[PDB]
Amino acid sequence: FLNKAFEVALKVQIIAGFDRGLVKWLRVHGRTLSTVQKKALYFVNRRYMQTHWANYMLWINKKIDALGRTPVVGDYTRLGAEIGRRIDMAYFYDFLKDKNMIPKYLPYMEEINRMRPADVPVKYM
């Protein structure tokens, strides 16, 4: 169960960070990509944080524990931003383009894309 202002800061940072990378990769790989192909690669960012939240959570915690002081939302932004910067997604984007298995844009991918990133639903462990 986790406190909203922490959870949200984690989110806003991580997916924003995954999207800068896609914005950098697309400047040079996107010449041939339809809009719904470019928007399928933004869904992949959002879903990536979903399938990896619990793994990121063990690491957030042991660090938040290591602060000695109470956590303020400020250090949830910093850890969140440090995952956004530290993950290699172009690898993923390359395998999907290279095997032309960039997913087919289904209605529910746009359900996840129309949402404001602080709201993308995750689960736990």
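Note that residue numbering begins at 1 and tracks the sequence as displayed. Each form is matched to the other, and the largest set of C-alpha atoms that superpose within 1.5 Å is called the rigid core.
The segment moving more, judged by mean Cα distance from this form in 7 other deposited structures of this protein after a core overlay, is 62-70 among 78-86 and 62-70.
Once the structures in 7 other deposited structures of this protein are superposed via the core, the pair 96-104 and 39-47 is resolved in favour of 96-104 as the more displaced stretch (C-alpha RMS). Here the stretch with the larger average CA B-factor, out of 55-63 and 39-47, is 55-63. Remark: stretch with higher mean C-alpha B factor among 79-87 and 29-37 is 79-87.
Out of 125, 2, 118, 5, the entry records its largest CA B-factor for 125. In this PDB entry, residue 71 carries a Cα temperature factor that places it within the middle third of its chain's modelled residues.
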